[PDB]
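Remarks on the structure that follows.
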RNA sequence: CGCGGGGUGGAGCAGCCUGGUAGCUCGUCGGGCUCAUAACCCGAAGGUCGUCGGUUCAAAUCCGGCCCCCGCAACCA
RNA sequence: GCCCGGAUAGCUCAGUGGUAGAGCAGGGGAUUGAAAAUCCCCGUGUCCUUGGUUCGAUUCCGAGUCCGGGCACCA
RNA sequence: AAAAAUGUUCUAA
RNA sequence: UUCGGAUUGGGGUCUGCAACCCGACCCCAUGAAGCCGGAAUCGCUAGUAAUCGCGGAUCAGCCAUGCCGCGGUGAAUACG
Ligand SMILES: [K+]
Ligand SMILES: [Mg+2]
Ligand SMILES: [Mg+2]
Ligand SMILES: [Mg+2]
Ligand SMILES: [Mg+2]
Ligand SMILES: [Mg+2]
Ligand SMILES: [Mg+2]
Ligand SMILES: [Mg+2]
Ligand SMILES: [Mg+2]
Ligand SMILES: [Mg+2]
Ligand SMILES: [Mg+2]
Ligand SMILES: [Mg+2]
Ligand SMILES: [Mg+2]
Ligand SMILES: [Mg+2]
Ligand SMILES: [Mg+2]
Ligand SMILES: [Mg+2]
Ligand SMILES: [Mg+2]
Ligand SMILES: [Mg+2]
Ligand SMILES: [Mg+2]
Ligand SMILES: [Mg+2]
Ligand SMILES: [Mg+2]
Ligand SMILES: [Mg+2]
Ligand SMILES: [Mg+2]
Ligand SMILES: [Mg+2]
Ligand SMILES: [Mg+2]
Ligand SMILES: [Mg+2]
Ligand SMILES: [Mg+2]
Ligand SMILES: [Mg+2]
Ligand SMILES: [Mg+2]
Ligand SMILES: [Mg+2]
Ligand SMILES: [Mg+2]
Ligand SMILES: [Mg+2]
Ligand SMILES: [Mg+2]
Ligand SMILES: [Mg+2]
Ligand SMILES: [Mg+2]
Ligand SMILES: [Mg+2]
Ligand SMILES: [Mg+2]
Ligand SMILES: [Mg+2]
Ligand SMILES: [Mg+2]
Ligand SMILES: [Mg+2]
Ligand SMILES: [Mg+2]
Ligand SMILES: [Mg+2]
Ligand SMILES: [Mg+2]
Ligand SMILES: [Mg+2]
Ligand SMILES: [Mg+2]
Ligand SMILES: [Mg+2]
Ligand SMILES: [Mg+2]
Ligand SMILES: [Mg+2]
Ligand SMILES: [Mg+2]
Ligand SMILES: [Mg+2]
Ligand SMILES: [Mg+2]
Ligand SMILES: [Mg+2]
Ligand SMILES: [Zn+2]
């Protein structure tokens, strides 16, 4: 639900956090 | 069983036969022969037992060798695994020690290839 | 259920049941015992029925000693066959038990608790029995 | 051979100098 | 991580070793030519415009 | 506890008779060819032989008991 | 009345003494333009009750309940 | 005068 | 094997605030696999291929055996 790939299950958003 | 425990091959020059002793590469053979006055080019079967006992004495005492060197090498590796340092763990797991890649190489350190199954490609359809 | 792990021979001839028990006639381990008054072949099934009755009467408490062992193979022909053609097949195991044998003992339990448990135990058995407590005669042996 | 650091050949390869190839 | 790294490369660092080039045109960290202060792309862009003194597509 | 046969890589079959040896086809795994799959070609792995007991220097193989799986039989009344 | 067999996740079923798997259903990731398929990850449970053996039992032994079935004129 | 099978759904920009 | 120089022990040097993870280099010692490579498969028609070394960009250093260039030596064969 955060920045880039892979996806965290929310649309558009990924697992990487800042 | 001449020197030290090693029967160094006759029919070869001294400087080379000496290398057949665990602990003596080409450079140390250059010393012992200079430091004891034997021709580096004399075939081993052609050494006077004066030269033999001369060379044997210096070789056997200047540096440490076949079985003792092996034991000091062993104690150092043994030491690293005991303290539990990084090089120690890489000796336990039998992996490379000097920072090589292990993704794709290291067969000297790892052994023959233990091939396992791979991820399957999907079928069509 | 009890039975021998191994046997030298599979089938045994039928016994005789003469005389008082050979040994095991005195309380050996516990405080109270159950004594045979008649001879019989006691079955593995009967022995296990007496044991579980006492176990549930102690609600797992106390100790139980089985001082008989069904080592004797008990043979039986299939139903509706004629005589002959060799001996029937082993169908279970019995313990030979002559009068005066201490078959069971209990310990670590109230007298009242032992008495009841040995009474119930006795109702599983095909012989008259007796309850006993360990006297000095038992300790003299 | 070129992988042998201990020769005038291997120092020519790794572009280094030393006892085994001085200057 | 773009603009705050455009700035950071300018700042004089806590240590000499932490210095690094960036394209002064686009900000690229990689393929930065010292002579121009430019990455290999901006180089090819400004070149083809003739905005780069004396630079000319070589051939031989 | 009528008689007969069977139990061995994942599947289907050899090996047993005649004690010292595990074999064949498919299948599985790795690599080739193909744009790609299949066919095809090159390699590899996997069975202590239903089970317990005995005989033997040695048991899948010989002998007993147990489990299981097919088959056959049950006539005169 | 007596004999055999079944009971484990929401559903269909594996499992041979140290409380456990699968498939399928649903969701997410990878993959895709988006799907199908394939691969990964996630939630699933007093393993029907009761007694016993055991340090320990879904697992071995007995019973019970429910279901599912089996007995056999006679000349 | 031809060894050799096949290419999931919707979309064709 | 005076072929090969991987791996490991020890001892140094340098760059760098700093080389445990994770640098290059030096010297002692160690001295693996490898005896020309299954099915299969790539490049090149001439100063080419093959073989030899040199330089530069990046860059403190460097994991470059990579890349872009440079000249030395210099073939084989094309019937169709
Ligand atoms: K008749
Ligand atoms: Mg990833
Ligand atoms: Mg951040
Ligand atoms: Mg040596
Ligand atoms: Mg590494
Ligand atoms: Mg399908
Ligand atoms: Mg009799
Ligand atoms: Mg008398
Ligand atoms: Mg008696
Ligand atoms: Mg006595
Ligand atoms: Mg009876
Ligand atoms: Mg009888
Ligand atoms: Mg008889
Ligand atoms: Mg009988
Ligand atoms: Mg009675
Ligand atoms: Mg009394
Ligand atoms: Mg830098
Ligand atoms: Mg830069
Ligand atoms: Mg089988
Ligand atoms: Mg066959
Ligand atoms: Mg045969
Ligand atoms: Mg044979
Ligand atoms: Mg075979
Ligand atoms: Mg394959
Ligand atoms: Mg295409
Ligand atoms: Mg294919
Ligand atoms: Mg048998
Ligand atoms: Mg045997
Ligand atoms: Mg045997
Ligand atoms: Mg054999
Ligand atoms: Mg007739
Ligand atoms: Mg009835
Ligand atoms: Mg039942
Ligand atoms: Mg899905
Ligand atoms: Mg996820
Ligand atoms: Mg996408
Ligand atoms: Mg999607
Ligand atoms: Mg039960
Ligand atoms: Mg059971
Ligand atoms: Mg044809
Ligand atoms: Mg088809
Ligand atoms: Mg050598
Ligand atoms: Mg050499
Ligand atoms: Mg070292
Ligand atoms: Mg480092
Ligand atoms: Mg050779
Ligand atoms: Mg070749
Ligand atoms: Mg051409
Ligand atoms: Mg060469
Ligand atoms: Mg260069
Ligand atoms: Mg550099
Ligand atoms: Mg490295
Ligand atoms: Zn730029």
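Residue numbers (this note's numbering), protein chains in the order written: chain A, 1136 to 1153; chain B, -12 to 112; chain C, 20 to 160; chain D, 1307 to 1329; chain E, 1239 to 1298. Note that the Cβ used here is the ideal one computed from N, Cα and C, for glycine as well.
| Query | Result |
| --- | --- |
| DSSP three-state assignment for residue 60/B, whether helix, strand or coil | helix |
| For residue 9/B, three-class secondary structure by DSSP | coil |
| Ligand 15 heavy atom lying under 6 Å from the CB of residue 141/C | yes |
| Whole-angstrom distance between residue 76/B and residue 1262/E, CA atom to CA atom | 47 Å |
| Residue interval of the alpha helix (DSSP H) (run including residue 1332/D) | Since the first residue shown for chain D is 1307 and the last is 1329, residue 1332/D is missing from the structure and cannot be characterised. |
| Unbroken beta strand (DSSP E) run spanning residue 62/C, endpoints | 59 to 62 |
| Pick from 108/C, 54/C, 128/C and 29/C that is closest to residue 90/C, judged by C-alpha positions | 29/C |
| Residue 34/B to residue 69/B span [Cα, whole Å] | 46 Å |
| Helix, strand or coil at residue 1276/E according to DSSP, with G and I counted as helix | strand |
| CB contact flag (residue 53/B, residue -8/B, <7 Å) | yes |
| Buried versus exposed call for residue 99/B [16 or more other C-beta atoms within 10 Å across all chains shown] | exposed |
| For residue 53/C, the residue or residues it bridges with in DSSP | 123/C and 150/C |
| Candidates 57/C, 113/C and 51/C, of which the one nearest residue 83/C by Cα | 51/C |
| Nearest-angstrom Cα separation, counted from residue 78/C out to residue 56/C | 28 Å |
| Extent of the continuous alpha helix (DSSP H) run through residue 82/C | Per DSSP, residue 82/C belongs to no alpha helix (DSSP H); it is in the beta strand (DSSP E), 82 to 85. |
| Whole-angstrom distance between residue 88/B and residue 1325/D, CA atom to CA atom | 30 Å |
| Three-state secondary structure assigned by DSSP to residue 1326/D | coil |
| Contact check, residue 74/B vs residue 82/B, beta carbons under 7 Å | no |
| Beta-carbon gap between residue 43/C and residue 70/C smaller than 7 Å | no |
| Heavy atom of ligand 18 within 6 Å of residue 1270/E beta-carbon | yes |
| Contact check, residue 88/C vs residue 72/C, beta carbons under 7 Å | no |
| Nearest-angstrom beta carbon gap, residue 1323/D and residue 1315/D [assumed within contact, 8 Å] | About 13 Å separates the two Cβ atoms, so there is no contact after all. |
| Local conformation of residue 54/B per DSSP, three classes | helix |
| Residue 1136/A versus residue 1239/E: straight-line alpha-carbon distance, rounded | 19 Å |
| Residues bridged to residue 92/C (per DSSP) | 112/C |
| Own chain partners of residue 64/B with C-beta closer than 6 Å, once the 5 adjacent residues on each side are dropped | 78 |
| Proximal residues to residue 152/C (C-beta, below 7 Å), its chain only, five neighbours per side dropped | 50 and 51 |
| Nearest candidate by alpha-carbon position, reference residue 1268/E, set 1247/E, 1287/E, 1291/E and 1286/E | 1247/E |
| Closest Cα partner of residue 60/C within the set 108/C, 40/C and 26/C | 40/C |
| From 29/B, 19/B and 22/B, residue whose alpha carbon lies closest to that of residue -1/B | 29/B |
| Distance CB(residue 64/C)-CB(residue 143/C) smaller than 7 Å | no |
| DSSP three-state assignment for residue 30/B, whether helix, strand or coil | strand |
| Straight-line Cα distance separating residue 1276/E from residue 1286/E | 14 Å |
| Three-way DSSP call (helix, strand, coil) for residue 40/B in this model | helix |
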